[PDB]
Amino acid sequence: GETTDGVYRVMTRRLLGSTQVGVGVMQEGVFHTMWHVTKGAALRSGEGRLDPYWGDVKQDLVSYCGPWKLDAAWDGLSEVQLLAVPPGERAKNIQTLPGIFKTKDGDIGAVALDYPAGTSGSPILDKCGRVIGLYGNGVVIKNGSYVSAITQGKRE
Amino acid sequence: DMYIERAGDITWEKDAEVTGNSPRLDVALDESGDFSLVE
Ligand SMILES: CN(C)Cc1nc(CNc2cc(Cl)cc(C(=O)NC(C)(C)CO)c2)cs1
């Protein structure tokens, strides 16, 4: 299978034609996506198979082939880029200054950008190109617009 | 049955389209991973 670092589309044939159900990040031989994209199912890369290794429905994260690798963090100050990968459209960077999810357990960065649900799993980058989390789990606000957490896993 | 296709490199791109606001929101997180607005 293709183990090259980078951003990937997650596709299903189970519906009409080929449908993009989301996006993930290949890094250090591990595929990283959101749980709601795959529901923990196996994946194909060519005629290689990726099996789930870790996941958590509450964090809404899942790693394939190995443990979660992405440990970079929003610094709470600087702008970031959503590397958006929309269905049937080219990878596009969209630069933004994150907002905040205030929770009983702590503050999380949030990015306010509207894309189809199939863009779930698109990585969020710091100025050094490091993935500080994945886009696609969040809320709809008093306007009808989407706001996503910067969702990051833990490394061990 | 689900498959992956490469879409690109993970790079910061000088002079990308700069957009979006920065809302400060009060949210709850349930056991099922659903965020919701508190007020
Ligand atoms: C609650 N978690 C645990 C499971 C689920 N989370 C989702 C969220 N999907 C999603 C992702 C993204 Cl990146 C955008 C949208 C979205 O609706 N965006 C517009 C512009 C408002 C409409 O296209 C929806 C699905 S199930």
Side-chain angles (χ1 to χ4, degrees), chain A residues 2 4-14 21 23-27 31 35-36 38 41-45 50 57-60 79 81 83 85 90-105 110-113 123 125-129 131 137-139 141-142 147 149, chain B:
Chain A
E2 190 166 23
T4 309
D5 282 17
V7 64
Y8 289 68
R9 307 177 188 267
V10 187
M11 303 301 300
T12 191
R13 301 245 196 68
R14 220 170 48 95
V21 300
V23 184
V25 173
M26 191 71 70
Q27 190 173 121
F31 189 63
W35 191 93
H36 80 258
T38 71
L43 301 172
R44 171 170 47 86
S45 176
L50 295 216
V57 152
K58 181 160 185 193
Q59 289 178 61
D60 186 41
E79 287 184 23
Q81 281 176 14
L83 186 56
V85 178
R90 204 146 47 246
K92 201 185 26 149
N93 298 50
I94 312 285
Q95 184 161 323
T96 193
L97 176 75
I100 298 284
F101 279 2
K102 275 144 208 201
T103 87
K104 81 200 222 293
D105 297 350
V111 322
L113 296 171
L125 314 184
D126 67 11
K127 285 155 175 184
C128 291
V131 182
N137 191 30
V139 87
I141 51 155
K142 53 146 246 66
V147 194
Chain B
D1 181 271
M2 278 186 184
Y3 61 97
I4 60 168
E5 288 177 343
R6 205 165 182 287
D9 288 2
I10 297 172
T11 58
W12 182 277
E13 294 297 298
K14 258 221 124 56
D15 288 291
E17 174 185 321
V18 183
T19 197
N21 77 297
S22 297
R24 292 172 188 276
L25 296 169
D26 276 325
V27 316
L29 184 53
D30 75 10
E31 201 177 65
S32 306
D34 309 294
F35 283 114
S36 57
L37 298 182
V38 178
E39 319 264 78

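Values below: all heavy atoms of this structure, side chains included; hydrogens, waters and symmetry mates excluded. Sequence lines set the chain letters: A, B, ... in the order given, protein chains first and strands last, and positions in each chain run from 1.
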Visitor: With only heavy atoms counted, which part of A:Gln59 is less than 4.5 Å from chain B, the side chain, the backbone, both or neither?
Guide: neither
Visitor: Does any backbone or side-chain atom of A:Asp105 lie under 4.5 Å from a heavy atom of chain B? Answer side chain, backbone, both or neither.
Guide: neither
Visitor: Nearest 0.5 Å, what's the CD-CH2 distance between A:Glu79 and B:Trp12?
Guide: 7.0 Å
Visitor: Checking A:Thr96 side chain against A:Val111 main chain: does a donor-acceptor pair fall under 3.5 Å?
Guide: no
Visitor: Considering only heavy atoms from C-beta outward, does the side chain of A:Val147 approach that of A:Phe101 to under 4.5 Å?
Guide: yes
Visitor: Which bit of A:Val23 is near chain B, if near means a heavy-atom gap under 4.5 Å: side chain, backbone, both or neither?
Guide: neither
Visitor: Answer with side chain, backbone, both or neither: which region of A:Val131 has an atom nearer than 4.5 Å to a non-hydrogen atom of chain B?
Guide: side chain
Visitor: Output, in order, the C-alpha distance, side-chain angles, deciding distance and verdict of side-chain contact (heavy atoms from CB on, under 4.5 Å) for B:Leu29 and A:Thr103.
Guide: CA-CA 8 Å; B:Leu29 184 53; A:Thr103 87; 5.7 Å; no
Visitor: Please rank B:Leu37, B:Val27, B:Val38, B:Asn21 by heavy-atom pairs under 4.5 Å with chain A and give me the top one.
Guide: B:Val27
Visitor: Which one of A:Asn137, A:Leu83, A:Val25 has the most heavy-atom pairs closer than 4.5 Å to chain B?
Guide: A:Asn137
Visitor: Once rounded to the nearest 0.5 Å, what's the spacing between atom CG of A:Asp60 and atom OG of B:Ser32?
Guide: 10.5 Å
Visitor: Checking A:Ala42 against chain B: side chain, backbone, both or neither under 4.5 Å from a heavy atom?
Guide: backbone
Visitor: Who among B:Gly33, B:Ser22, B:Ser36 has the most heavy-atom pairs with chain A under 4.5 Å?
Guide: B:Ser22
Visitor: In terms of heavy-atom proximity below 4.5 Å to chain A, should B:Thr19 be classed as side chain, backbone, both, or neither?
Guide: both
Visitor: Between atom CD1 of B:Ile10 and atom CE of A:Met26, what is the distance when rounded to the nearest 0.5 Å?
Guide: 10.0 Å
Visitor: Is chain B contacted by the side chain of A:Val10, its backbone, both, or neither, given a heavy-atom distance below 4.5 Å?
Guide: both
Visitor: Any chance you could measure A:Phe31, atom CZ, to A:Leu43, atom CG, to the nearest 0.5 Å?
Guide: 6.5 Å
Visitor: Quick one: does A:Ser45's side chain have a donor or acceptor within less than 3.5 Å of a partner on A:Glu2's backbone?
Guide: yes
Visitor: Tell me, side chain or backbone of A:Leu125 under 4.5 Å from chain B's heavy atoms, or both, or neither?
Guide: both
Visitor: Checking heavy atoms, do the side chain of A:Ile94, its backbone, both or neither come under 4.5 Å from chain B?
Guide: both
Visitor: Applying salt bridge (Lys or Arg N to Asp or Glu O under 4.0 Å), which residue pairs with at least one partner in residues 7-33 of chain B are found, sequence neighbours left out?
Guide: B:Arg6-B:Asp9
Visitor: Show me the pairs that pass salt bridge (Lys or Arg N to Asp or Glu O under 4.0 Å) and involve residues 5-14 of chain A, at least two apart or across chains.
Guide: none
Visitor: Name the region of A:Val57, side chain, backbone, both or neither, that has any atom closer than 4.5 Å to a heavy atom of chain B.
Guide: both
Visitor: Look at A:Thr12, A:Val7, A:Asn93 and state which one has the largest set of heavy-atom pairs under 4.5 Å with chain B.
Guide: A:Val7
Visitor: Side chain, backbone, both or neither: which part of A:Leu50 has an atom under 4.5 Å from a heavy atom of chain B?
Guide: side chain
